[PDB]
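Here's a solo chain for you in structure tokens, the form deposited in one PDB entry.
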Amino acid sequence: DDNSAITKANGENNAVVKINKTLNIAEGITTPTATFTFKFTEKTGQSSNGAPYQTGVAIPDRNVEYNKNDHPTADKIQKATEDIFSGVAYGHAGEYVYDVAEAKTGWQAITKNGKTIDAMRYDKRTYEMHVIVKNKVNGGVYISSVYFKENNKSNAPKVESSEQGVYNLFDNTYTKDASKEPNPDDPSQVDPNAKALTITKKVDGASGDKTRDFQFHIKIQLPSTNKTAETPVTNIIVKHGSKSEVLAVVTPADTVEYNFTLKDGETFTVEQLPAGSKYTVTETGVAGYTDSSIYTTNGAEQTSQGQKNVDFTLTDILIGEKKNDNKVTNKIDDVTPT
């Protein structure tokens, strides 16, 4: 404001403080089972006034639970604790200072035959909560003033709240490999071998040239959650085998671009990608041929019709946690003499 970084109390009633966890999650991803647990630990030291920090009052482990019914907005799910001071009663005035950190527990990866689909990166940050206790009249005490300061930082400024008495202290990201929950009505049936993307050219017609290449271009957008560890920096592409190439990730933009050719019945394959990524694909125009597409996006079937000799483009196709493929048909009208 200032000073809004500090949660006061109205009158002599205990200050109220919720802690808000931010889970970052991309677009094609089912929110996982995950409890995030905050762990308060009593710190020593000396208040401004000369007094040592007061101790001997415990704050319990506070937890937020995520499950399949939690759905992101702006690629993040935000859940808060209740009042952390619920069921906590101090004995005497003074400055109680707690180290608050988030424990690395309460989530497990999806696993099929020793192989792991997903990944949770836990917030490493650690804070200093200053609980400022002050005398009631006549007697007893109250939680007067609460504030946070990030630990291990140089001249750490006071932590500003998102909402009233709510602090986004802990921030974690979740990643998921694409296309490995292929059965749209049962994600327990899990395939670690499923490919990130498939594109398959099908030339259609008696006059159709089924030996030539059709020229393609693809730009893939890795999702924002990629920026948060651990992260992909190489991509593996198979334009019909044994052509196998390790394309690299453009680090400031998190994109990969490719140019490849397909012949009739020829499949383009992206080996593996974090679910949540997007792609643009473009087949250059070729004389006589109207192109069409039947694509699966995160288990959902969608279509797109093209023009006769124009470049055919698919604009920002999501590559979800479910099935991901594309079958692009190139159709040519029959040459018949009479």
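Shifts are known only where both forms have a C-alpha. C-alpha atoms forming the largest set that superposes within 1.5 Å between two forms make up the rigid core. Numbering starts at 1 and follows the sequence shown.
What comes next is about the form deposited in another entry, which does not appear here.
Colleague: Have a look at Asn193, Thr234, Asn155, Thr211 and give me the residue whose C-alpha moves 2 Å or more between the shown form and the other one, with the fit done on the rigid core.
Modeller: Between the two forms, the residue that moves is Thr234.
Colleague: Between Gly241 and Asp209, do the C-alpha atoms lie closer or farther in the other entry than in the shown form, with a difference of 3 angstroms or more?
Modeller: Distance between the C-alphas of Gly241 and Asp209: shorter in the other entry, by 3 Å or more.
Colleague: Work out the direction of the Cα-Cα change for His71 and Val233 in the other entry: closer or farther than in this form? It's 3 angstroms or more.
Modeller: They are closer; the C-alpha distance drops by 3 Å or more in the other entry.
Colleague: Where does the chain move between the shown form and the other one, taking runs of at least 3 residues whose CA atoms all shift 2 Å or more after fitting the core?
Modeller: Once the cores are aligned, run 229 to 242 is the only one whose C-alphas move by at least 2 Å.
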